[PDB]
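Structure, as structure tokens:
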Amino acid sequence: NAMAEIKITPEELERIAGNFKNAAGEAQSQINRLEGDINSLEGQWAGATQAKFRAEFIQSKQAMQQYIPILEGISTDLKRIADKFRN
Amino acid sequence: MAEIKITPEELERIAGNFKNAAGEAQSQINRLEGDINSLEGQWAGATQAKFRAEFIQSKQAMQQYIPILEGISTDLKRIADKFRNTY
């Protein structure tokens, strides 16, 4: 039987791709603000305390460094399909 | 201008930033999951499966990130409480 037709438009795929790209940017911005917060505590208490918080925060950075490229990959895969559908 | 001295109020402010960030992160992954869900039945199953698999990867990174932020919030609050009970 005939292959089952596509209902999604390239424009809609591109809108969702935009949501993923923008989410990735928001995520990076968020971690940047939080990093500023941790930075601000340095020198205002014991170095050992600051080190504990820096280490915890770096863990969150590492998780975000996994997350962001996945979102960007999804965004780009969506755009690649929209382009293929359109042309 | 002087560097801002640490107080329980400062630690609570920063703890709140981490807590709010966790909530914003949960909201983001929820919205993106909604987007992936909306593609169901709109194109081929193999295509949907691919994007679902990629998305689940991002969700898993997020499920690591969020508790790390909540941990930092808790640790900051712990210290704020210690300062109040003993800047």
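Chain lettering (A, B, ...) mirrors the order of the structure tokens, residue numbering begins at 1 for each chain separately, and ligand numbering begins at 1 in order of display.
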Distance cut-off 6 Å, counting only C-alpha atoms - which residues of chain B neighbour chain A? Return them as a PyMOL selection string.
chain B and resi 42-43+58+61+65+68
Write out as JSON, numbers by chain which residues come within 12 Å of residue 27 (chain B) when counting only C-alpha atoms, dropping same-chain ones fewer than 3 positions away.
{"A": [23, 26, 27], "B": [20, 21, 22, 23, 24, 30, 31, 32, 33, 34, 59, 62, 66]}
Could you turn the residues from that selection into a file that holds C-alpha atoms, as a PDB file, in the first residue's frame?
```pdb
ATOM      1  CA  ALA A  23      15.542  26.283  25.061  1.00  0.00           C
ATOM      2  CA  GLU A  26      17.885  29.717  27.844  1.00  0.00           C
ATOM      3  CA  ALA A  27      19.603  26.797  29.547  1.00  0.00           C
TER       4      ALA A  27
ATOM      5  CA  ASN B  20      13.692  28.716  40.933  1.00  0.00           C
ATOM      6  CA  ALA B  21      16.152  27.523  38.297  1.00  0.00           C
ATOM      7  CA  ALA B  22      15.159  23.928  39.045  1.00  0.00           C
ATOM      8  CA  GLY B  23      11.503  24.854  38.514  1.00  0.00           C
ATOM      9  CA  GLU B  24      12.258  26.700  35.271  1.00  0.00           C
ATOM     10  CA  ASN B  30       7.796  19.721  30.047  1.00  0.00           C
ATOM     11  CA  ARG B  31       7.259  22.148  27.154  1.00  0.00           C
ATOM     12  CA  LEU B  32       9.770  20.382  24.926  1.00  0.00           C
ATOM     13  CA  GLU B  33       8.187  17.007  25.706  1.00  0.00           C
ATOM     14  CA  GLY B  34       4.864  18.518  24.663  1.00  0.00           C
ATOM     15  CA  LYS B  59      15.301  14.389  29.639  1.00  0.00           C
ATOM     16  CA  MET B  62      17.852  17.142  32.950  1.00  0.00           C
ATOM     17  CA  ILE B  66      17.624  19.420  38.536  1.00  0.00           C
TER      18      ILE B  66
END
```
Can you list, as a ChimeraX atom specification, every protein, DNA or RNA residue that comes within 9 Å of region 2-12 of chain B when you count only C-alpha atoms, leaving out same-chain residues fewer than 2 positions away?
/A:40-41,44-45 /B:14-17,73,76-77,79-84,87
Please save N, CA, C and O atoms of the selected residues as a PDB file, in the first residue's frame.
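Okay, selection_38.pdb is ready:
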```pdb
ATOM      1  N   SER A  40      30.192  34.903  43.351  1.00  0.00           N
ATOM      2  CA  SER A  40      30.073  36.050  44.255  1.00  0.00           C
ATOM      3  C   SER A  40      30.398  35.685  45.697  1.00  0.00           C
ATOM      4  O   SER A  40      30.668  36.557  46.520  1.00  0.00           O
ATOM      5  N   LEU A  41      30.384  34.393  46.001  1.00  0.00           N
ATOM      6  CA  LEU A  41      30.607  33.938  47.370  1.00  0.00           C
ATOM      7  C   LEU A  41      32.083  33.750  47.696  1.00  0.00           C
ATOM      8  O   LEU A  41      32.455  33.673  48.867  1.00  0.00           O
ATOM      9  N   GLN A  44      34.314  35.409  50.701  1.00  0.00           N
ATOM     10  CA  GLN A  44      33.420  35.894  51.741  1.00  0.00           C
ATOM     11  C   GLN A  44      33.174  34.814  52.794  1.00  0.00           C
ATOM     12  O   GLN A  44      32.437  35.026  53.759  1.00  0.00           O
ATOM     13  N   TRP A  45      33.813  33.661  52.593  1.00  0.00           N
ATOM     14  CA  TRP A  45      33.837  32.565  53.565  1.00  0.00           C
ATOM     15  C   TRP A  45      35.022  31.632  53.295  1.00  0.00           C
ATOM     16  O   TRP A  45      35.774  31.850  52.342  1.00  0.00           O
TER      17      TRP A  45
ATOM     18  N   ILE B  14      20.353  33.375  47.204  1.00  0.00           N
ATOM     19  CA  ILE B  14      21.014  32.542  46.215  1.00  0.00           C
ATOM     20  C   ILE B  14      20.373  31.149  46.216  1.00  0.00           C
ATOM     21  O   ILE B  14      20.160  30.566  45.154  1.00  0.00           O
ATOM     22  N   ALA B  15      20.017  30.626  47.383  1.00  0.00           N
ATOM     23  CA  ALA B  15      19.321  29.343  47.449  1.00  0.00           C
ATOM     24  C   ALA B  15      18.033  29.413  46.642  1.00  0.00           C
ATOM     25  O   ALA B  15      17.683  28.457  45.945  1.00  0.00           O
ATOM     26  N   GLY B  16      17.345  30.549  46.705  1.00  0.00           N
ATOM     27  CA  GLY B  16      16.099  30.722  45.986  1.00  0.00           C
ATOM     28  C   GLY B  16      16.333  30.733  44.493  1.00  0.00           C
ATOM     29  O   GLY B  16      15.500  30.227  43.732  1.00  0.00           O
ATOM     30  N   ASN B  17      17.454  31.305  44.063  1.00  0.00           N
ATOM     31  CA  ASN B  17      17.792  31.319  42.640  1.00  0.00           C
ATOM     32  C   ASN B  17      17.958  29.902  42.136  1.00  0.00           C
ATOM     33  O   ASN B  17      17.488  29.560  41.048  1.00  0.00           O
ATOM     34  N   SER B  73      20.770  24.408  46.613  1.00  0.00           N
ATOM     35  CA  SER B  73      19.809  25.229  47.341  1.00  0.00           C
ATOM     36  C   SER B  73      19.728  24.792  48.803  1.00  0.00           C
ATOM     37  O   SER B  73      19.787  25.618  49.723  1.00  0.00           O
ATOM     38  N   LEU B  76      22.959  25.686  50.726  1.00  0.00           N
ATOM     39  CA  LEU B  76      23.002  27.112  51.034  1.00  0.00           C
ATOM     40  C   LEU B  76      22.082  27.458  52.204  1.00  0.00           C
ATOM     41  O   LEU B  76      22.464  28.211  53.115  1.00  0.00           O
ATOM     42  N   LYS B  77      20.885  26.896  52.206  1.00  0.00           N
ATOM     43  CA  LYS B  77      19.913  27.118  53.279  1.00  0.00           C
ATOM     44  C   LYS B  77      20.418  26.573  54.611  1.00  0.00           C
ATOM     45  O   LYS B  77      20.249  27.207  55.655  1.00  0.00           O
ATOM     46  N   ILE B  79      23.478  26.398  55.575  1.00  0.00           N
ATOM     47  CA  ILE B  79      24.467  27.330  56.095  1.00  0.00           C
ATOM     48  C   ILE B  79      23.807  28.611  56.578  1.00  0.00           C
ATOM     49  O   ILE B  79      24.207  29.159  57.608  1.00  0.00           O
ATOM     50  N   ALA B  80      22.788  29.084  55.866  1.00  0.00           N
ATOM     51  CA  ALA B  80      22.057  30.270  56.302  1.00  0.00           C
ATOM     52  C   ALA B  80      21.493  30.045  57.706  1.00  0.00           C
ATOM     53  O   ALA B  80      21.619  30.893  58.583  1.00  0.00           O
ATOM     54  N   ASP B  81      20.899  28.874  57.918  1.00  0.00           N
ATOM     55  CA  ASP B  81      20.343  28.506  59.212  1.00  0.00           C
ATOM     56  C   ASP B  81      21.417  28.442  60.297  1.00  0.00           C
ATOM     57  O   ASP B  81      21.205  28.886  61.427  1.00  0.00           O
ATOM     58  N   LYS B  82      22.578  27.899  59.948  1.00  0.00           N
ATOM     59  CA  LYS B  82      23.685  27.846  60.889  1.00  0.00           C
ATOM     60  C   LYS B  82      24.105  29.250  61.295  1.00  0.00           C
ATOM     61  O   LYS B  82      24.335  29.518  62.480  1.00  0.00           O
ATOM     62  N   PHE B  83      24.176  30.156  60.328  1.00  0.00           N
ATOM     63  CA  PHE B  83      24.560  31.535  60.618  1.00  0.00           C
ATOM     64  C   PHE B  83      23.537  32.210  61.519  1.00  0.00           C
ATOM     65  O   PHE B  83      23.905  32.939  62.437  1.00  0.00           O
ATOM     66  N   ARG B  84      22.252  31.964  61.274  1.00  0.00           N
ATOM     67  CA  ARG B  84      21.217  32.580  62.103  1.00  0.00           C
ATOM     68  C   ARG B  84      21.227  32.085  63.521  1.00  0.00           C
ATOM     69  O   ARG B  84      20.942  32.833  64.449  1.00  0.00           O
ATOM     70  N   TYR B  87      28.097  36.624  61.091  1.00  0.00           N
ATOM     71  CA  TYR B  87      27.911  37.714  60.135  1.00  0.00           C
ATOM     72  C   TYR B  87      27.567  39.025  60.838  1.00  0.00           C
ATOM     73  O   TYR B  87      27.406  39.059  62.059  1.00  0.00           O
TER      74      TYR B  87
END
```
Computed interatomic separation between CA of residue 11 (chain A) and CA of residue 86 (chain A) (Å):
8.8 Å
Name the residues of chain B that come out as alpha helix (DSSP H) in a backbone DSSP run; write them as an MDAnalysis selection string.
chainID B and resid 8:38 45:85
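With only C-alpha atoms as the basis for measurement, B:63 is the residue among B:75, B:63, B:70, B:86 that approaches residue 29 (chain B) most closely.
With CA of residue 14 (chain A) on one side and CA of residue 87 (chain A) on the other, the separation reads 14.0 Å.
When only C-alpha atoms are used to compute distances to residue 35 (chain B), the closest of the residues A:85, A:79, A:18, A:55 turns out to be A:18.
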Atomic distance CA of residue 52 (chain B) - CA of residue 36 (chain B), expressed in Å with one decimal
6.8 Å
